[PDB]
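Take a look at the letters that make up each chain.
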Amino acid sequence: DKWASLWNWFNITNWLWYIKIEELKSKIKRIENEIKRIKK
Amino acid sequence: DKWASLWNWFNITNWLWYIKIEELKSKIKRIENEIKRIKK
Amino acid sequence: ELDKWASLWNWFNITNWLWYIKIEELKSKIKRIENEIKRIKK
């Protein structure tokens, strides 16, 4: 039970990191594409 | 105790990571705000 | 019980490491962007 609540909490946290970071990566990628486009 | 200690270690690590990621996200937000201003 | 404890401890350090590598790459990319923006503005 402690194992299982802590495992659930661990997955909840990782899901939240995953989404936050994919979004950051996505925004970073759009900025890099816009700068490349500018310099074209 | 061993479960409580793991919970604590995980929460402390997660908080410190949280602070650091919000700082990246702000740098991104500022760059976005600035590109938007340039394209105006 | 201990074995589960160890699994969760190992999963937390492996995932924490994988995120570390990931975020370091991102901090690099942001720095490159900021420096490029300062260069253009100078």
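Below: a short report on this structure.

Reading guide: rules and limits
- Residues numbered from 1 in each chain as written, not as in the entry; some residues may be left out.
- Chains lettered and ligands numbered in written order.
- Heavy atoms only, no water.
- Helix = DSSP H or I, 4+ residues; strand = E, 2+ residues; numbered from the N terminus.
- Buried < 20%, exposed > 50% of the residue type's maximum accessible area, 1.4 Å probe, protein only.
- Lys, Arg positive; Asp, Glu negative; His and termini not counted.
- Charge placed at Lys NZ, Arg CZ, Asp CG, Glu CD.
- Core = buried A, V, L, I, M, F, W, Y, C linked by side-chain atoms within 4.5 Å.
- Contact = heavy atoms within 4.5 Å.
- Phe/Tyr/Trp six-rings, centres within 6.5 Å; stacked < 30°, edge-to-face > 60°.
- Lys NZ or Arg CZ within 6 Å of the ring centre and 35° of its normal.
- Buried area = accessible area lost by both parts, 1.4 Å probe.
- Salt bridge = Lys/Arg side-chain N within 4 Å of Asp/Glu carboxyl O.
- Nonpolar A, V, L, I, M, F, W, Y, C, P; charged D, E, K, R; others polar.
- Axes fitted to C-alpha atoms, helices over the stretch in contact; angles between N-to-C directions.
- Parallel < 35°, antiparallel > 145°, perpendicular 65-115°, else oblique.
- Left-handed = near helix turned anticlockwise from the far one by under 90°.

What chain C contains, in helices and strands, is one helix and zero strands. Along the longest, intermediate and shortest principal axes, the C-alpha atoms of chain C span 60 × 10 × 5 Å. Residues classed as buried in chain C amount to 29% of the 42 residues present. Separation between the mean location of the 10 positive side-chain charges and that of the 6 negative ones in chain C comes to 14 Å.

Judged by nonpolar contacts, the single largest core of 17 residues is most densely connected at A:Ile21, A:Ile31, B:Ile21, B:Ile28, B:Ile31 and C:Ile33. Once residues lying within four places of it in the same chain are set aside, the contact partners of B:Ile21 are A:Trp17, A:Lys20, A:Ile21, A:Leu24 and C:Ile23. Counting seven residues, the second-largest nonpolar core is a separate cluster that includes A:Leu6, B:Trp3, B:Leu6 and C:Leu8.

Under the defined criterion, the tally for this structure stands at ten aromatic pairs over all chains. Centroid distance A:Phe10 to C:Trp11: 5.6 Å. Interplanar angle 25°. Geometry classified as stacked. Of this pair, A:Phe10 sits in helix α1 (residues 2–39) while C:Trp11 sits in helix α1 (residues 2–41), which puts the two residues in different chains. Accessibility expressed as a relative area gives 0% for A:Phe10, which makes it buried. One aromatic cluster is present, formed by A:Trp7, A:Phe10, B:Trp9, B:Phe10, C:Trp5, C:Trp9, C:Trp11 and C:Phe12 through successive ring pairs. The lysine or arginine in question, C:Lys4, covers the ring of A:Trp3, its NZ or CZ lying 4.1 Å from the ring centre.

Taken together, the contacts link 16 residues of chain A with 17 residues of chain B. Considering only the side of chain A, the residues that lose the most area to chain B are A:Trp17, A:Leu24 and A:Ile31, jointly responsible for 34% of the buried surface there. At the surface where chain A touches chain B, the tally comes to four salt bridges. When grouped by side-chain class, the residues that make up the side of chain A that touches chain B number nine nonpolar, one polar and six charged.

What follows is about the packing of helix α1 (residues 2–38) of chain B against α1(C). In the contact formed by α1(B) and α1(C), the axes pass within 11 Å of each other and the chain directions differ by 20°. Between α1(B) and α1(C), the angle is such that the two are roughly parallel. For the element pair α1(B) and α1(C), the recorded crossing hand is left-handed. Considered class by class, the residues forming the contact of α1(B) with α1(C) number 20 nonpolar, two polar and eight charged.

Turning our attention to the packing of α1(A) against α1(B). Interaxial distance between α1(A) and α1(B) falls to 11 Å at its minimum, and their mutual angle equals 15°. Put simply, α1(A) runs roughly parallel to α1(B). The handedness of the crossing between α1(A) and α1(B) is left-handed. In terms of residue class, the contact of α1(A) with α1(B) is made up of 20 nonpolar, three polar and eight charged.

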